[PDB]
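Engineer: Pasting in a structure now, in structure tokens, and then I'll have a few things to ask.
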Amino acid sequence: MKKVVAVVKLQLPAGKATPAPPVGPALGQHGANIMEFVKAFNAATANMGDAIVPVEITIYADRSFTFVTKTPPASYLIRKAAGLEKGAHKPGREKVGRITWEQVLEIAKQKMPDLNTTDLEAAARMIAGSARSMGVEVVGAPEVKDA
């Protein structure tokens, strides 16, 4: 008795969203509420910074909206697997925006269910290589042969 009916696969500006998004009405259907919409957005885009994110508000006719993407494509979750944590008082020696081979795989695997890719190396370079675009980098993916 619950099946998504509207997957708002729209986009949205970080640090720039407001009671006047490219949707507004096109979204007001989940019980009709905008601020909560942008509140959670501006609240996250503000908790992070400014940017753009593809929204995929998986809504179900039962009148519910499940979804929360953060940062442009890839970064939508690559940011998490990347290195966003800040920290407080640590011995030092560390960085931000660092993913791992497998992590980008699963993140790229589900991203390649049967569309057109095939080898984990393609979608991989995507999620991972995409991270490179974002400047992010992998944290492993060993490659040796001299034992």
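Ordered as shown in the structure tokens, chains take letters A, B, and onward, while each chain numbers its residues from 1 and ligands are numbered from 1 in the order shown.
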If you run DSSP over the backbone, which residues in range 16-135 of chain A end up strand (DSSP E or B)? Put them as a list in words.

Structural biologist: residues 51, 52, 53, 54, 57, 58, 59, 60, 64, 65, 66, 98 and 99 of chain A

Engineer: Deliver the residues from the most recent selection as a file, using N, CA and C atoms, as a compact mmCIF listing (two decimals), in the first residue's frame.

Structural biologist:
```txt
# COMPACT_ATOMS: atom_id res chain seq x y z
N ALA A 51 25.93 25.86 -3.90
CA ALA A 51 26.18 24.88 -5.00
C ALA A 51 24.88 24.55 -5.75
N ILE A 52 24.82 23.38 -6.33
CA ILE A 52 23.60 22.94 -7.07
C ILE A 52 23.47 21.43 -6.89
N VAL A 53 22.28 20.94 -6.66
CA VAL A 53 22.11 19.48 -6.45
C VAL A 53 20.86 18.96 -7.18
N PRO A 54 20.98 17.85 -7.87
CA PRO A 54 19.82 17.24 -8.58
C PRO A 54 18.83 16.62 -7.59
N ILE A 57 13.16 13.87 -5.25
CA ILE A 57 12.22 13.70 -4.12
C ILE A 57 11.29 12.51 -4.37
N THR A 58 11.72 11.36 -3.91
CA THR A 58 10.89 10.13 -4.12
C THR A 58 9.63 10.30 -3.28
N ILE A 59 8.57 10.75 -3.91
CA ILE A 59 7.30 10.97 -3.17
C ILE A 59 6.33 9.82 -3.41
N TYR A 60 5.56 9.48 -2.40
CA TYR A 60 4.55 8.40 -2.58
C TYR A 60 3.17 9.02 -2.38
N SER A 64 3.98 11.52 0.88
CA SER A 64 5.26 11.48 1.65
C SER A 64 6.41 11.80 0.69
N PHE A 65 7.46 12.43 1.17
CA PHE A 65 8.60 12.76 0.26
C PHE A 65 9.91 12.20 0.82
N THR A 66 10.40 11.13 0.27
CA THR A 66 11.68 10.56 0.77
C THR A 66 12.83 10.95 -0.16
N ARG A 98 38.25 12.33 0.30
CA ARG A 98 39.03 11.11 -0.04
C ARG A 98 38.11 9.87 -0.01
N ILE A 99 37.93 9.26 -1.14
CA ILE A 99 37.07 8.05 -1.22
C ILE A 99 37.96 6.81 -1.37
```

Engineer: With distances taken over only C-alpha atoms, which residue among A:81, A:104, A:18, A:50 lies nearest residue 36 in chain A?

Structural biologist: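 Selected residue with least distance to residue 36 in chain A: A:18.
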
Engineer: For residue 12 in chain A, list every protein, DNA or RNA residue within 12 Å, evaluated using only C-alpha atoms, and leave out those in the same chain fewer than 2 positions away; present the list as a PyMOL selection string.

Structural biologist: chain A and resi 8-10+14-18+20-24+37-38+41-42+44-45+50-57+68-73+76

Engineer: Which neighbours of residue 140 in chain A fall inside 10 Å, counting only C-alpha atoms, when residues of the same chain fewer than 3 positions from it are skipped, and could you give them as a PyMOL selection string?

Structural biologist: chain A and resi 98-102+137+143

Engineer: Find the spatial neighbours of residue 83 in chain A, counting only C-alpha atoms, within a cut-off of 9 Å - ignore same-chain residues fewer than 5 positions away - and output them as a PyMOL selection string.

Structural biologist: chain A and resi 78+95-99+136

Engineer: By how many Å are CA of residue 135 in chain A and CA of residue 82 in chain A apart?

Structural biologist: 10.3 Å

Engineer: Considering only C-alpha atoms, can you say which of A:115, A:141, A:32, A:131 comes closest to residue 79 in chain A?

Structural biologist: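 Of A:115, A:141, A:32, A:131, the one nearest residue 79 in chain A, counting only C-alpha atoms, is A:131.
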
Engineer: Give the answer as one residue: which of A:134, A:124, A:84, A:61 has the shortest atom-to-atom distance to residue 1 in chain A, using only C-alpha atoms?

Structural biologist: A:61
